[PDB]
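Written out below as structure tokens is the structure these notes cover.
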Amino acid sequence: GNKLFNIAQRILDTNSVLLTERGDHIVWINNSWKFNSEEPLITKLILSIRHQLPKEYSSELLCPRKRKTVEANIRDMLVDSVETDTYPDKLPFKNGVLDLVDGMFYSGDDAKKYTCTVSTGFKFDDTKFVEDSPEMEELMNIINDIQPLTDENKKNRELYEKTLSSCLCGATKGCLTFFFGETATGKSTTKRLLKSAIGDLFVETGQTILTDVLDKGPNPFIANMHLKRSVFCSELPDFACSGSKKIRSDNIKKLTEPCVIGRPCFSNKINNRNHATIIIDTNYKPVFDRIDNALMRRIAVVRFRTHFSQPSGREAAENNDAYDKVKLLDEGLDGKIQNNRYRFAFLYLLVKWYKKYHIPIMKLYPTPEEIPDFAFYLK
Amino acid sequence: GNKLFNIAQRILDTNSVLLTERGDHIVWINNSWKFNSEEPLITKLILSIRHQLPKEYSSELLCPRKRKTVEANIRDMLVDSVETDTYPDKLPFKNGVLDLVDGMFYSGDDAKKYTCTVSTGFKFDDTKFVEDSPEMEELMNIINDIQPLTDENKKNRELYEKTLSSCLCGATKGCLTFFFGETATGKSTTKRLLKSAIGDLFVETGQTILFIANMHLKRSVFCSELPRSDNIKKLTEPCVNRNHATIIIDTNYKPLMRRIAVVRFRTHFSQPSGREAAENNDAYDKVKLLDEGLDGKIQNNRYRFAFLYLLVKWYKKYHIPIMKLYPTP
Amino acid sequence: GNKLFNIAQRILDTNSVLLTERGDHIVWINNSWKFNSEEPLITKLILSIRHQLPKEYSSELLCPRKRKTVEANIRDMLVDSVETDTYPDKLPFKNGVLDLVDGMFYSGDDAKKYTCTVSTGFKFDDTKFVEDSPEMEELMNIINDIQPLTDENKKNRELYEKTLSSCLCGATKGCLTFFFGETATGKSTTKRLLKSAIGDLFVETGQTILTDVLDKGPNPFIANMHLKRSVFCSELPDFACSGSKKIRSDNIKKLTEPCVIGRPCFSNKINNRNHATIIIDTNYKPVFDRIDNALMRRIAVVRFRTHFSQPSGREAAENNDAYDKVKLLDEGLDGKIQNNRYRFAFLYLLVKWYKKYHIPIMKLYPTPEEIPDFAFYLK
Amino acid sequence: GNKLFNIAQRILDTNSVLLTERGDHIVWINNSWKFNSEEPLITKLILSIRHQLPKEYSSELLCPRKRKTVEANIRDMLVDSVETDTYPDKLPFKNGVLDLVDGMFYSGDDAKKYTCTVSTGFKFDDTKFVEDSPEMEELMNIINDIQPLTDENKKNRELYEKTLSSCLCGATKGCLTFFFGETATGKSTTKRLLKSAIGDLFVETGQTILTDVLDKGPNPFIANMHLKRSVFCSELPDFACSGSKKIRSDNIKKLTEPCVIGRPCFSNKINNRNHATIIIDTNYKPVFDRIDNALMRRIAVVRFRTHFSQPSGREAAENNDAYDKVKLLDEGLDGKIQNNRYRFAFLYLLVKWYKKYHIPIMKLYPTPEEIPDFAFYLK
Amino acid sequence: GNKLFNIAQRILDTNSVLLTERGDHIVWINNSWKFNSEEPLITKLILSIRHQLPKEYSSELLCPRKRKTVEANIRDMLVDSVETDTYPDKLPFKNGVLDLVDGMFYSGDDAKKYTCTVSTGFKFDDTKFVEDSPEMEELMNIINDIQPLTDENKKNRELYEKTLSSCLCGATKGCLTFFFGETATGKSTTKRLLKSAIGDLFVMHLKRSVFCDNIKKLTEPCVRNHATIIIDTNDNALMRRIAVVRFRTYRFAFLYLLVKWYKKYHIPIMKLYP
Ligand SMILES: Nc1ncnc2c1ncn2[C@@H]1O[C@H](COP(=O)(O)OP(=O)(O)OP(=O)(O)O)[C@@H](O)[C@H]1O
Ligand SMILES: Nc1ncnc2c1ncn2[C@@H]1O[C@H](COP(=O)(O)OP(=O)(O)OP(=O)(O)O)[C@@H](O)[C@H]1O
Ligand SMILES: Nc1ncnc2c1ncn2[C@@H]1O[C@H](COP(=O)(O)OP(=O)(O)OP(=O)(O)O)[C@@H](O)[C@H]1O
Ligand SMILES: Nc1ncnc2c1ncn2[C@@H]1O[C@H](COP(=O)(O)OP(=O)(O)OP(=O)(O)O)[C@@H](O)[C@H]1O
Ligand SMILES: Nc1ncnc2c1ncn2[C@@H]1O[C@H](COP(=O)(O)OP(=O)(O)O)[C@@H](O)[C@H]1O
Ligand SMILES: [Mg+2]
Ligand SMILES: [Mg+2]
Ligand SMILES: [Mg+2]
Ligand SMILES: [Mg+2]
């Protein structure tokens, strides 16, 4: 009858192409559900699936004139929407999906059932997600240095591990984490390690969403933070000075609900999924316009204490009261972070921490017995 | 005469395509009227209706270059506009239409008569719209926990009843409902339950209104995070876009007098650690242990059809003769 | 079986075309990776590679109707992304790549391995990169006039050399360098020499990035400093006047991060790589909103002392305390800089300085004692 | 092998089409490098060069469909970018290039070497560029009435000559000139004479470039003054009033740098070559925010003294100290300026002045002693 | 020659498509001059006029690729613009034009002559514009209740009648009218009755009634301003533009009485006293 239509029928039989409720056409090639709303990746798939059809159905796909007709057919046989990103406890890599509860790796058809559109962005090398390795040893030493495992720093350490490991599951976190710490303490190093670990599922935005009207006009910062598991926020200046705007109370509640509102540029989708762990890398005590019970149950704070300095300024940091330990700075560490030498080691550590506090359920608990004004509000 | 034109005339004979006064062409496929003013959904229909024309008129529709000629023809015959969404006592699902006065579910050609261009977005599973089911029991318990049926809170429960059941009719209401209450009282829980129930007929906007292009033919609009009297009057009018939705405001403090209704939340949910800190507070009348796993089984839509049946029974209790909302000064 | 497809397969074999994570299709023509998001530069490569295939596959390549079919076929085979600009110690010219650790010049296939998308913009002439030449002698005299090799000007000269030579490596710099100095001193001369030396890998922006929230709406100034290796910021108004806004302290923290957030116009990429050395051509001592140890470890200051003047006002400059030496102005010097007379000589000087302080590892230290308020804050 | 490709190769052999670093395909037709970055002017070339190819390659180019194939090919052989507007002592007319150092006119191939993208906009009539003509006599009378050749008005006349003549050279001038003078004195007359003389290479902007932040958002006033050789700025209001903001000094400092920073509408290029002589048609004494040494060496001023008035108000002008000689208003003069009666006469006068002060090296010197506050800052 | 050219010539012969000075291509289908410079409606007319041409010229209009050719020919054949809404005393209904000088109703080609772009929004039922109707009795009673016909309220009711009748003709009014009155009096009811009466042409270009230096910027021919401006509230150059009526205490019938009121004081000319 029509060969260019039977080809589309066969391609639709394998369920490689799907249409989501957002209007996009997610496509499954190279063991990853991919989407991009300026280029029809479907015409890629037609070529990639070419070596799966009968011989006479494959020699006709080597022509862009006959590979946009089949795309036109396929685009008119996708009438029903399919919901995506349902399973929260999955980590999607550019070549499969890893199950967190048991630490096994899926590939091919086994990874297709869990429709995870957003991926980490890098392949999952099997012979690096190991327990014993020199990189793992030095990473563990570095993490011990950043957060010492002492008795009075045990609750803080466990909260640090909980917050870091929470940036792996796609559930809607109900709390925001503050990263208060003084100069040269380890906040940015932890951020870079996390970014090299989880990859594409990690975005850092500005402080506009923290304190501004996140409703007027286009705001791509909210638009990019859709299905992103980890969100970081720098730009936390002191609010004790004149002219500095306080952190808006309603923004915290707006960022903690399971479907945030925000329109990108040249579009009208104002619904964005909220899988993000929102971490606010600050340097001073933050303040809010008003304090109420609607905020003391949404703030979690972890304190970084150990400091890294050169020997010249070593003696100037020993007497500081906000400082609990002065370690030696490593000038070459930041070089071997962007080189991704501690990528899979940190991934293994994060998975081990995840299957230690979030196995039954996931929930981040607030802890306001760490903010002075919140302490005043708590009698 | 002309095959590609007889095909278009036959497709227009079935009345599967109609032109709305808003300038958008509505499409009838999979037992639901859909529209999208950014794509020629019409070219979808011309393929689906392929199994309704004779064999010689069907093999010619497997060709995208020949499925835009007939689409152009169809677009050039739709001159007379036809009104849409005129029945207010109907609820459209992705696979049919449910009547509210009777509770009977219409599907197929019977669903085509009511031109409902909007829909909830999910298929109406038949063996879930039942009265007795464990999910219904636990949902009913949750609703009682949020709003107990005490002698003092009977009028408040009745007003909450009317307001929630009002999120089913396609007419224009004339009153704005507030959700004043303290923290951990169930406002967001009620919003999420209603999202699981009614689905797509649901939008939440910012505080600027107190965006507008999205509140067209929707049946429920909300605005949370409340930290203009003329806007209340501008919203309760039947042309803002058809204002067929009810407006609910999720606030925490105390925020024309004949257009505002307020329903209060008294129950407080807390962990055992902070239980004692809420017993002595006057803002709550009862404190119950917080359910950590309840939020998880909402996005799963475990209590979707249970709340839908509750809403239908709830509607056929106050709005059967007419629909109207009375302000509480 | 298909000539238009075999041509694309052969082109893909040579790895002349690659796809970057930024959605860009970089192209290898004339010993340089070129890219233009507004022009399918691929069709240039598709033509220029025409003298590499068999004769039957070459005469078919002289047709624009069959040269967009090959680019259509190629655009559906680039499914994976390739990371670009990873090697930090390389300098890309429009006809090759120069290795900094040895001074060797690489071209052809040896230049293809280091994927350096951004290049200087000019060819590398071999018979100019020499130590003995009149241009080199007069440039050395010029530089010794700008920064004399005295004993009190020894540390400043070394810091000046380090800062100037750092604008060759693609690493990230965590230190901002100011160019404080009085009028007619030679800041703009150094800027122009640097621009003539490195070419495209050099931009100058406004002072908004220093004192403004670079998040609100589009900000092309942040958007253009992507993979640039040197960024100058002139227009430093005196902040002692009323209504002048002080330098935003957190912008300094942002500019030293490995990746910055800023959106361009008519696009939606908020991730900009930061290879830039930020130099602030100022005329007065800068002030900030707040001073903290998180700022004093990011700032280094060089001093320009020698003054250039006409003989009419020479006596009025001898008694000034802001100049340690008065030299005779050269009217024609500003002419033979835009003529690129001192281009390869300054490039040789920069390379010679680079293989003197940045060979083991690159790092720019701060000099907090050179600022009055900073000097107050240590004690 | 392919006629449509050999035609493009032959066209590229004559170097009639070039690719600029700004992304524009400059075209060489009618002895003028023309470009327009909204319509591909190349096609005009493809037709105009039609009478230079063999006959078999000529009658074919009469079809618009063919000329899109040749243009599509030519767009694909231009990889090497070219620099433009390098020679400063050349004046480009719509039909050639005039050499300023000899007063000799070039047209044709010898005019192609100096790649000058911007032209005056009118043909150069050879039989008007003469010493003796009635128009020359009346223009000389007009100019001697505007600036009399007295002994006390000799330096001012020379500075007026130098400032006017500097609007012919393509180098970057480093000084700002004012046209201070009272009412009905001859400032707009000089502006209109200059506009009729140099034509396109002359723009007039507002005071935004002088007293405003030319960095926030789009600002076309800085995008039009790219490669323009003269920029007039009238409407300098009295700053003695309330709310009137002073002239920004850093604006002056940026207006005299080789490339100025400013973005246009619907584009992203920020750098524009500053070949402009900046003249401010002021009416009152200007004041700035802060006064320093960096502002002394960028400010020059000429004073207009002769007053033109009707005989009715002639008596009221004799006793005024702001005027040194009262002439009679010529009502018909303004009419015979927009008719370009004194176009080539003033062009010859400007060239004669150019070969009197700018032959060895072109430089604009300041006059800081002609302003009261500046004189106060002077010692 | 060309069939596709003679078709365009015939279509322009009937004067169905016209070009306006605003850059629009008004088109004539369903007995209404409907225009929209966002949707090229012209193609529809090429099909609509399809059953008016010879069959040889009509059987080639069943092709979209040969109906953008006729549209192209027509589009570059309309060189001279036309002006619209030149007859103030007309009322455009979706099925014709109602003359206001006498009250006769027109439809079709004779309705095509009046180039009115903005219609009332509803069709004109022929067997409702009658004097005797129970709904007309009810509306008359409602009007009497709102504005009693007393002697002390005769000037007030006369000015009320004139102000209401002004919102029927398309000329340029030059007097603002006030509705100063207390709550629960019937001003909003009057507005609703007026909106049901005249429909689309009551809401600000080509509109005939508006509800609410400005008093001068709202009383000049071009802002075109065809609307009587009335504000629903609770220098010598200013007194000559303000008229006040005080409030103290059924669509086609309302149109009928409006027409009768109009043909009582504005038959020679229209002008509203302050
Ligand atoms: N375990 C470690 N051992 C040695 N050096 C370390 C270790 N962890 C981090 N460092 C180094 O110590 C320095 C700490 O800088 P870091 O970016 O963590 O500070 P910060 O808290 O972000 O500072 P700022 O307040 O200025 O933002 C870096 O150079 C980092 O590479
Ligand atoms: N019937 C119930 N029984 C037990 N727990 C419940 C019940 N209803 C709700 N909860 C729990 O109580 C929690 C309180 O959150 P809730 O949705 O009431 O917040 P909210 O009113 O929006 O808060 P805020 O005022 O701080 O913005 C819910 O998240 C849910 O887990
Ligand atoms: N070594 C040198 N020998 C002679 N002349 C020099 C030398 N170095 C610079 N000059 C000249 O001295 C002047 C220095 O001014 P320059 O243009 O470099 O700006 P600057 O000193 O930063 O000015 P300002 O601070 O006032 O903006 C220029 O005219 C330059 O040509
Ligand atoms: N040499 C001359 N002889 C006679 N009349 C002249 C001569 N030069 C100029 N004029 C005339 O004198 C008048 C002066 O007008 P002009 O444009 O010079 O004023 P202006 O300085 O721009 O004005 P203002 O400062 O009042 O705004 C004009 O009518 C001009 O034509
Ligand atoms: N004369 C009347 N006839 C019928 N209904 C009336 C009359 N006067 C007032 N009403 C009723 O009063 C209600 C409110 O009147 P309203 O329009 O608010 O008065 P006002 O114009 O002073 O605001 C209306 O719904 C209307 O039905
Ligand atoms: Mg940091
Ligand atoms: Mg809430
Ligand atoms: Mg300078
Ligand atoms: Mg003037």
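Labels used: A, B, ... for chains in the order of the structure tokens, numbers from 1 for residues in each chain, and numbers from 1 for ligands as shown.
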Item to check | Within 12 Å of ligand 9, counting only C-alpha atoms and all ligand atoms, residues as JSON, numbers by chain | outcome: {"D": [179, 180, 181, 182, 183, 184, 185, 186, 187, 188, 189, 190, 191, 192, 232, 233, 234, 235, 236, 280, 281, 282, 283, 334]}
Using only N, CA, C and O atoms, please write the residues we just selected to a file, as a compact mmCIF listing (two decimals), in the first residue's frame.
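File written: result.txt
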```
# COMPACT_ATOMS: atom_id res chain seq x y z
N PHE D 179 31.67 73.87 20.59
CA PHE D 179 31.39 74.96 19.67
C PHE D 179 30.72 76.10 20.42
O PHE D 179 29.70 76.63 19.97
N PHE D 180 31.28 76.48 21.56
CA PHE D 180 30.64 77.45 22.44
C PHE D 180 30.42 78.78 21.72
O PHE D 180 31.28 79.25 20.97
N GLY D 181 29.26 79.38 21.96
CA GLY D 181 28.93 80.65 21.35
C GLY D 181 27.50 81.01 21.68
O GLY D 181 26.68 80.15 22.02
N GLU D 182 27.21 82.30 21.55
CA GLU D 182 25.88 82.81 21.86
C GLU D 182 24.94 82.56 20.69
O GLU D 182 25.26 81.83 19.75
N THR D 183 23.78 83.22 20.75
CA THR D 183 22.74 83.00 19.73
C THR D 183 23.12 83.59 18.37
O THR D 183 23.89 84.58 18.35
N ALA D 184 22.66 82.96 17.30
CA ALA D 184 22.84 83.48 15.94
C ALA D 184 24.30 83.85 15.68
O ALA D 184 24.64 85.00 15.40
N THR D 185 25.16 82.84 15.75
CA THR D 185 26.59 83.10 15.69
C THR D 185 27.26 82.31 14.57
O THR D 185 28.30 82.73 14.04
N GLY D 186 26.69 81.17 14.18
CA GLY D 186 27.24 80.42 13.07
C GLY D 186 27.67 79.00 13.38
O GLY D 186 28.58 78.48 12.75
N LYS D 187 27.03 78.37 14.37
CA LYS D 187 27.34 76.99 14.72
C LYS D 187 26.59 76.00 13.83
O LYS D 187 27.20 75.11 13.22
N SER D 188 25.26 76.14 13.74
CA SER D 188 24.49 75.28 12.85
C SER D 188 24.88 75.49 11.40
O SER D 188 24.78 74.56 10.59
N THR D 189 25.32 76.70 11.04
CA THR D 189 25.80 76.94 9.69
C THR D 189 27.02 76.08 9.38
O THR D 189 27.11 75.45 8.32
N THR D 190 27.97 76.03 10.31
CA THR D 190 29.15 75.18 10.13
C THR D 190 28.75 73.71 10.10
O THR D 190 29.30 72.93 9.31
N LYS D 191 27.81 73.31 10.96
CA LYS D 191 27.36 71.92 10.95
C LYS D 191 26.75 71.54 9.60
O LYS D 191 27.03 70.47 9.06
N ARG D 192 25.92 72.42 9.03
CA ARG D 192 25.27 72.12 7.77
C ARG D 192 26.26 72.14 6.61
O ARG D 192 26.16 71.32 5.69
N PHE D 232 28.20 65.08 15.57
CA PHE D 232 27.74 66.31 16.18
C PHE D 232 26.74 65.99 17.29
O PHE D 232 26.00 65.01 17.22
N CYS D 233 26.74 66.84 18.32
CA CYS D 233 25.82 66.67 19.45
C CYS D 233 25.35 68.05 19.88
O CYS D 233 26.05 68.75 20.61
N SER D 234 24.15 68.43 19.44
CA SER D 234 23.57 69.71 19.79
C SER D 234 22.75 69.56 21.07
O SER D 234 22.79 68.53 21.75
N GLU D 235 21.98 70.61 21.40
CA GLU D 235 21.07 70.61 22.55
C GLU D 235 21.82 70.34 23.85
O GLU D 235 21.66 69.30 24.50
N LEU D 236 22.67 71.29 24.22
CA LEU D 236 23.27 71.24 25.54
C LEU D 236 22.52 72.20 26.45
O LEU D 236 22.76 73.41 26.41
N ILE D 280 30.54 69.14 19.96
CA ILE D 280 29.37 69.43 20.78
C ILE D 280 28.94 70.86 20.47
O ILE D 280 29.67 71.81 20.75
N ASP D 281 27.75 71.00 19.90
CA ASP D 281 27.20 72.31 19.54
C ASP D 281 26.49 72.86 20.77
O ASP D 281 25.26 72.85 20.87
N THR D 282 27.27 73.35 21.73
CA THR D 282 26.74 73.87 22.98
C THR D 282 26.40 75.35 22.86
O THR D 282 26.80 76.03 21.92
N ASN D 283 25.65 75.84 23.84
CA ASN D 283 25.29 77.25 23.93
C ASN D 283 25.69 77.90 25.24
O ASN D 283 25.83 79.13 25.27
N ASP D 334 20.66 80.02 4.15
CA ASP D 334 20.23 78.70 4.60
C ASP D 334 19.57 77.91 3.48
O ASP D 334 19.63 76.68 3.46
```
Tell me, counting only C-alpha atoms, for each residue of chain C within 8 Å of chain D, which pair of atoms is nearest and how far apart they are in Å to one decimal, in rows ordered by chain and increasing number, as CSV.
```
residue,atom,partner,partner_atom,distance
C:43,CA,D:76,CA,6.8
C:44,CA,D:76,CA,5.0
C:47,CA,D:76,CA,7.4
C:59,CA,D:1,CA,7.1
C:62,CA,D:5,CA,6.5
C:63,CA,D:5,CA,7.7
C:64,CA,D:73,CA,6.5
C:183,CA,D:294,CA,5.6
C:184,CA,D:294,CA,7.8
C:204,CA,D:261,CA,7.9
C:205,CA,D:261,CA,7.1
C:206,CA,D:215,CA,6.4
C:208,CA,D:215,CA,7.3
C:220,CA,D:268,CA,7.1
C:235,CA,D:250,CA,5.6
C:236,CA,D:250,CA,7.4
C:237,CA,D:250,CA,6.2
C:241,CA,D:290,CA,7.9
C:265,CA,D:268,CA,7.4
C:331,CA,D:361,CA,7.9
C:332,CA,D:361,CA,7.2
```
Okay, now the selection with C-alpha atoms, as a PDB file, in the first residue's frame?
```
ATOM      1  CA  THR C  43      28.415  23.139   4.047  1.00  0.00           C
ATOM      2  CA  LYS C  44      31.776  24.909   3.835  1.00  0.00           C
ATOM      3  CA  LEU C  47      32.878  21.619  -0.046  1.00  0.00           C
ATOM      4  CA  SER C  59      32.548  15.879  -8.997  1.00  0.00           C
ATOM      5  CA  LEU C  62      29.941  20.961  -6.753  1.00  0.00           C
ATOM      6  CA  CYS C  63      26.213  21.528  -6.268  1.00  0.00           C
ATOM      7  CA  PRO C  64      24.429  23.463  -3.495  1.00  0.00           C
ATOM      8  CA  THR C 183      46.787  59.622  33.971  1.00  0.00           C
ATOM      9  CA  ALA C 184      49.154  59.329  30.998  1.00  0.00           C
ATOM     10  CA  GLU C 204      36.339  44.377  27.060  1.00  0.00           C
ATOM     11  CA  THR C 205      33.000  44.947  28.775  1.00  0.00           C
ATOM     12  CA  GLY C 206      31.323  47.690  30.757  1.00  0.00           C
ATOM     13  CA  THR C 208      27.995  46.841  34.913  1.00  0.00           C
ATOM     14  CA  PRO C 220      25.315  40.061  26.630  1.00  0.00           C
ATOM     15  CA  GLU C 235      35.010  53.032  32.907  1.00  0.00           C
ATOM     16  CA  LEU C 236      35.695  52.984  36.639  1.00  0.00           C
ATOM     17  CA  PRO C 237      34.040  56.206  37.840  1.00  0.00           C
ATOM     18  CA  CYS C 241      30.921  61.280  44.339  1.00  0.00           C
ATOM     19  CA  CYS C 265      19.778  37.728  23.715  1.00  0.00           C
ATOM     20  CA  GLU C 331      53.233  60.707  19.353  1.00  0.00           C
ATOM     21  CA  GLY C 332      53.532  57.952  16.744  1.00  0.00           C
TER      22      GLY C 332
END
```
Checklist entry - Hey, what's within 7 Å of residue 174 of chain A if we count only C-alpha atoms and toss same-chain stuff fewer than 2 positions away? As a PyMOL selection string, please? => result chain A and resi 172+256+298+364
Item to check | Selection within 10 Å of ligand 7 by only C-alpha atoms and all ligand atoms, output as an NGL selection string | outcome: (:A and (253-254 or 256-257 or 294)) or (:B and (181-191 or 224-225 or 250-252))
Next on the checklist: Could you list, as an MDAnalysis selection string, every residue within 10 Å of residue 283 of chain B, counting only C-alpha atoms and ignoring same-chain residues fewer than 3 positions away?
Outcome noted: chainID B and resid 181:183 265:268 278:280 286
Got time to write the residues from that selection, N, CA and C atoms, as a PDB file, in the first residue's frame?
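The new file out26.pdb reads:
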```
ATOM      1  N   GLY B 181      -6.085  30.357  56.952  1.00  0.00           N
ATOM      2  CA  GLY B 181      -5.754  29.338  57.927  1.00  0.00           C
ATOM      3  C   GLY B 181      -4.285  29.415  58.285  1.00  0.00           C
ATOM      4  N   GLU B 182      -3.951  28.773  59.400  1.00  0.00           N
ATOM      5  CA  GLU B 182      -2.578  28.740  59.883  1.00  0.00           C
ATOM      6  C   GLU B 182      -1.792  27.683  59.108  1.00  0.00           C
ATOM      7  N   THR B 183      -0.601  27.349  59.592  1.00  0.00           N
ATOM      8  CA  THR B 183       0.228  26.366  58.915  1.00  0.00           C
ATOM      9  C   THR B 183      -0.227  24.949  59.249  1.00  0.00           C
ATOM     10  N   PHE B 265      -9.844  26.892  58.327  1.00  0.00           N
ATOM     11  CA  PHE B 265      -9.253  25.603  58.656  1.00  0.00           C
ATOM     12  C   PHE B 265      -8.744  25.642  60.090  1.00  0.00           C
ATOM     13  N   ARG B 266      -9.196  24.691  60.906  1.00  0.00           N
ATOM     14  CA  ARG B 266      -8.841  24.649  62.319  1.00  0.00           C
ATOM     15  C   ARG B 266      -7.899  23.513  62.684  1.00  0.00           C
ATOM     16  N   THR B 267      -8.021  22.360  62.035  1.00  0.00           N
ATOM     17  CA  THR B 267      -7.208  21.205  62.391  1.00  0.00           C
ATOM     18  C   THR B 267      -5.740  21.460  62.069  1.00  0.00           C
ATOM     19  N   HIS B 268      -4.863  21.050  62.983  1.00  0.00           N
ATOM     20  CA  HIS B 268      -3.423  21.182  62.818  1.00  0.00           C
ATOM     21  C   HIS B 268      -2.777  19.804  62.818  1.00  0.00           C
ATOM     22  N   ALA B 278       1.176  22.846  70.178  1.00  0.00           N
ATOM     23  CA  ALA B 278      -0.028  23.254  69.472  1.00  0.00           C
ATOM     24  C   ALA B 278      -1.310  23.063  70.270  1.00  0.00           C
ATOM     25  N   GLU B 279      -1.281  22.272  71.345  1.00  0.00           N
ATOM     26  CA  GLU B 279      -2.495  22.033  72.121  1.00  0.00           C
ATOM     27  C   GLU B 279      -2.999  23.312  72.778  1.00  0.00           C
ATOM     28  N   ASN B 280      -2.093  24.119  73.327  1.00  0.00           N
ATOM     29  CA  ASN B 280      -2.485  25.333  74.032  1.00  0.00           C
ATOM     30  C   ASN B 280      -2.784  26.500  73.101  1.00  0.00           C
ATOM     31  N   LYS B 286      -8.008  21.163  67.264  1.00  0.00           N
ATOM     32  CA  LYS B 286      -7.587  19.783  67.448  1.00  0.00           C
ATOM     33  C   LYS B 286      -6.265  19.581  66.721  1.00  0.00           C
TER      34      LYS B 286
END
```
Item to check | Residues of segment 77-171 of chain A in strand (DSSP E), written as a list in words | outcome: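 DSSP-assigned strand (DSSP E) residues in segment 77-171 of chain A: residues 90, 91, 92, 93, 96, 97, 98, 99, 104, 105 and 106 of chain A.
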